[PDB]
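K.L.:
Can you look at this? It's an experimental structure, sequence on top.
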Amino acid sequence: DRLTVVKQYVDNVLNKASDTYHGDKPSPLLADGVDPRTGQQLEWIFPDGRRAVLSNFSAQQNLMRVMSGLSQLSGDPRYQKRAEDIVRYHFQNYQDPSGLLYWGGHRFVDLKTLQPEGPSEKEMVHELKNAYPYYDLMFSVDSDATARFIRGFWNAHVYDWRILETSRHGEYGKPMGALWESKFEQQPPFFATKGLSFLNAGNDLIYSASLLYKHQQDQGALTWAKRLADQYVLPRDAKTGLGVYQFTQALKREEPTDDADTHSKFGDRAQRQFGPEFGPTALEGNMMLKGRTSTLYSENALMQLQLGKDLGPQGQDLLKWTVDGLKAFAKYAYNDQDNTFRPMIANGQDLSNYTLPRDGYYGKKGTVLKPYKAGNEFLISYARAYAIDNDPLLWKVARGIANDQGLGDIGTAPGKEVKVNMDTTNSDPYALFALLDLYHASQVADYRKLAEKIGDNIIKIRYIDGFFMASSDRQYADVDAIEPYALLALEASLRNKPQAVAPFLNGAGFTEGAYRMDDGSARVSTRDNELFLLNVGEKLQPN
């Protein structure tokens, strides 16, 4: 019984990941990572050798959704209560006067001391990158405090409201400015700014302002959410419809002297590395490369498709923008012969097998940009887009990914000549989510039958020592694992209660900074993500 498994899992988390440092007066907070063999909680190692237990609430927002969903489906309210208690504790103790929380890429809470920490010396700042926190839970605990966070977030990360110059970094302690009352003047595409309007950070801005609208009827929030979303649509290539990862370019303040020094003060990094051979269209926002295309055509797409549907009539533009981009990416970049996306520039330039002729932001000289396999995250975005626009082009990508992933043939169209692989060994929670999306929209039983098999594979192969891990060899389990989230979505589907579990938008957290190595040296730009990839006996390698 998959629900029983998820229930035991969460019980395990609340046991092993809990605050064991304050006797019989524990906080409600949780450790992000636990070695499921021993119960050892994952630590950050600072310059002097001091160890902090990593408790980063931005990296627990899938877990929060799992706890709320588990309470909804089981009828046991303890999990919802605990999730509420963690939220409350963060508002009470870890919300600065500007509203910002001590979480995100560069701040967390040490579970041992319950003090906020800051692992990156040059960046004691607020940062959310494709995080998508569970604002619905937050609003239900403390709507004021939630709204203060979202307004504080925009206040800190928008450098210039007139032009929507935005940054991935926001300072703590900023007084509140004009916010939504700011005057706006639309600028032409790729205007030059200091702030790098990366879509990974833009995603969280658009999402949070839309949720503030949803909950508080804040029309200013909605106006700016849609406007910021539109900033990534306006610069799209007029011919191909591809792009964009950002809508600004770095203002050139110095003349560069060295290829490998990629500080943005020397100007747009793509123009430096690709400009000589490709001309003016080589700009960072136009670089349709691995990773960037996930942020654009997965993370942004899921969030915008859900928002677009939520808005009804005034969400039709958002849906159009989103689907149009997914169509463009399919038309130009997808190779159905081997289920790959081509690395490209948004002008339609194929970069497949291109050798970088000089060092730079996108790799060292001699690096080869290769077509890359389309993963299950794209199966979700393509399935969801097809649901609202039944375009054979969108279906082709979904069908190609499912085939490549060992799922069999999802058909020539939904419910037409379907031959799913009931013997699949696939255990990817993303595949489970995607099949449920296909089932939900199409009502074709075969898709859910297949999802059940993936769920079973997840339990058989990933449920290890009471936790979920991508491999039995991994040192640490992440309490934010989405395996149980997919399992809950499946259970919700079978119980005809899809609304019991929060929409999956593929958010996740991270923590980044200097981490002290055994020989005493500082490993700069270390990420918790890297720690979760280590197998038993492995150590972080030179970066």
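P.N.:
Yep, that arrived. Numbers count the residues shown, from 1 in each chain.
K.L.:
Please parse this protein into its domains.
P.N.:
Domain assignment for the chain by curated CATH domains gives 1-42+56-107+122-254+289-342+372-501, 43-55+108-121+511-536, 255-288+343-371.
K.L.:
deepest of the ones you listed, which one?
P.N.:
domain 1-42+56-107+122-254+289-342+372-501 (a mean of 20; mean count of other CB atoms under 10 Å). All C-beta atoms are positioned from the backbone trio N, CA, C, and that covers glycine.
K.L.:
hang on, the earlier thing: can you add distance to residue 543 and give the domains of the chain back as a markdown table?
P.N.:
Below are these laid out as a markdown table (distance: least, CB to CB, whole Å):
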| stretch | distance to residue 543 |
| --- | --- |
| domain 1-42+56-107+122-254+289-342+372-501 | 16 |
| domain 43-55+108-121+511-536 | 6 |
| domain 255-288+343-371 | 13 |
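K.L.:
List the contacts of stretch 248-268.
P.N.:
Applying CB atoms under 8 Å, 6 or more residues apart in numbering, the contact partners of stretch 248-268 are 165, 190-197, 269, 271-273, 282-285, 358-361, 364-365.
K.L.:
In helices, which of the residues you listed fall?
P.N.:
Counting by DSSP state H, the contacts of stretch 248-268 place 269, 271, 272, 273 in helices.
K.L.:
What is the nearest of the residues you listed to residue 243?
P.N.:
Ranked by distance to residue 243 (CB to CB), these are led by residue 271 at 15.0 Å.
K.L.:
Need the nearest residue in space to the closest one, chain neighbours excluded.
P.N.:
Excluding its sequence neighbours, the residue lying closest to residue 271 (CB to CB, 6 or more residues apart in numbering) is residue 282, at 5.4 Å.
K.L.:
The one you found and residue 289 touch, don't they?
P.N.:
No - using CB atoms under 8 Å, residue 282 is not in contact with residue 289; the gap is 11.9 Å.
K.L.:
OK, contacts around residue 206?
P.N.:
225, 228, 229, 303, 304, 307.
K.L.:
nearest spatial neighbour of residue 530, skipping sequence neighbours?
P.N.:
With sequence-adjacent residues excluded and distances taken as CB to CB, 6+ apart, residue 530 is closest to residue 540, at 6.1 Å.
K.L.:
Report the contact partners of the one you found.
P.N.:
Counting by CB under 8 Å, 6+ apart, residue 540 touches 515, 517, 523, 526, 530, 531, 534.
K.L.:
Secondary structure and distance to residue 480 added to the residues you listed, as CSV?
P.N.:
Below are the contacts of residue 540 laid out as CSV (DSSP: H, G, I helix; E, B strand; the rest coil; distance: CB to CB, whole Å):
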residue, secondary structure, distance to residue 480
515, strand, 19
517, coil, 25
523, strand, 23
526, strand, 18
530, helix, 15
531, helix, 13
534, coil, 17
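K.L.:
if we take those residues, which one ends up nearest to residue 6?
P.N.:
Among the contacts of residue 540, residue 531 lies closest to residue 6 (CB to CB), at 24.6 Å.
K.L.:
Report the contact partners of residue 233.
P.N.:
Applying CB under 8 Å, 6+ apart to residue 233 gives the contacts 321, 325.
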